[PDB]
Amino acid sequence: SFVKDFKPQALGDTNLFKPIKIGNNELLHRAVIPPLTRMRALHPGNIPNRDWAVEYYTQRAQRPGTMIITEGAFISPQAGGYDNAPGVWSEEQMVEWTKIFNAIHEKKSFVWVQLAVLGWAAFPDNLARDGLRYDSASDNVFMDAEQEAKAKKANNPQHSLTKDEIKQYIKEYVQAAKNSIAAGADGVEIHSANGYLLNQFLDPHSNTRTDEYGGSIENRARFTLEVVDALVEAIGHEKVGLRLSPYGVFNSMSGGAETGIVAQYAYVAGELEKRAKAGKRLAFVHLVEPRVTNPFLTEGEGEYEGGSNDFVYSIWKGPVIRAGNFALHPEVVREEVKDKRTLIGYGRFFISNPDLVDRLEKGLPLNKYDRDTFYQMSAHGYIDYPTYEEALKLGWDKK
């Protein structure tokens, strides 16, 4: 059914429907599909779903000129630890990814692979089964008690990366980016948000290191920036974006409670602008808003009111994608897109509305999502959400 008490607004008269260039891609509108893990990849081998993934992305590519950022994709086995999320390191994976990218391009849309590395959010028992470490910035602070205990039970205690291991991850990011482009992707997004490994280095709660990768703002940012630089060198700045969540608390990040958190992210943004001014500007910076500090809480919950991401705009002068509880708040989007380099990522409601862009332009009701099937090995709740027309035929305008 449609979301009951939602009062839609047509946004066609706003910059949301003005074209913009992101990297090499001429977007026809500024509604972006942010990365959304759906757990349909198949084990063994973290293979994108052979039955349904092409259709899922095809559906969500239907509005011409849409920018799609994929679900997080593991850069290597060591970077993973969820059996049903996909990777981008193997031939068997890239066969499937190639079909997905081709399908998106057939719809005249674009696709950017999010490159993911889990760190302490991984399941240590899966990693132990596969002969892999359970990795983070540090070895003396843990995501939660349960993860610490699972790690010990699996004889795979949380391990603080060595410099050589950080370098190995960087090699893997490079090769994953190369794989992504060669298979036809338009670009990649470096996931440095939501409490995964790079975020674990950025945040002083999770990073208690005393080497060059911790203990100061510049040190905590080092790994993220080394990945940025390695990928810019490998595939070009115009094919690389970066995702950050300054106020996030998901996966035990500090958020606004850490008084140094704005400075930490301001430093990253400044370093990106420095590179841009020296001739290597990233295609975009993607920010999760303080509107959603934990994306598994219902919209309106976990909102941090004590901070704004607006500071980033004083520093970074390129495109900015903002995500977090925007589908239910067209009144907020209307104001945000007055800024001419702002794009809006719509996550959960792109799960439930394959034709979300039409609905945004035209001010149509939205399909309610089913959170129970966000993660599920099923076509149901993945490829069977209807378009607006299909929903009318099902009687949802009367339900």
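Each residue number is its position in the shown sequence, starting from 1.
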Higher-B stretch (mean Cα B-factor, as the entry records it), 233-241 or 145-153: 145-153
Comparing average C-alpha B factors as deposited, tell me which of 135-143 and 288-296 sits higher. 135-143
Among the choices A193, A323, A116, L127, identify the one whose CA B-factor in the record is greatest. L127
Please rank the C-alpha B-factors of the chain's modelled residues and tell me whether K362 sits in the lowest, middle or highest third. middle
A121 by Cα B-factor - lowest, middle or highest third of the modelled chain: middle
Sorting the chain's modelled residues by C-alpha B-factor and splitting them into thirds places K368 in the highest
Of the three thirds of Cα B-factor ranks in this chain, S254 occupies the lowest
Ranked by Cα temperature factor within the chain, is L16 in the lowest third, the middle third or the highest third? lowest
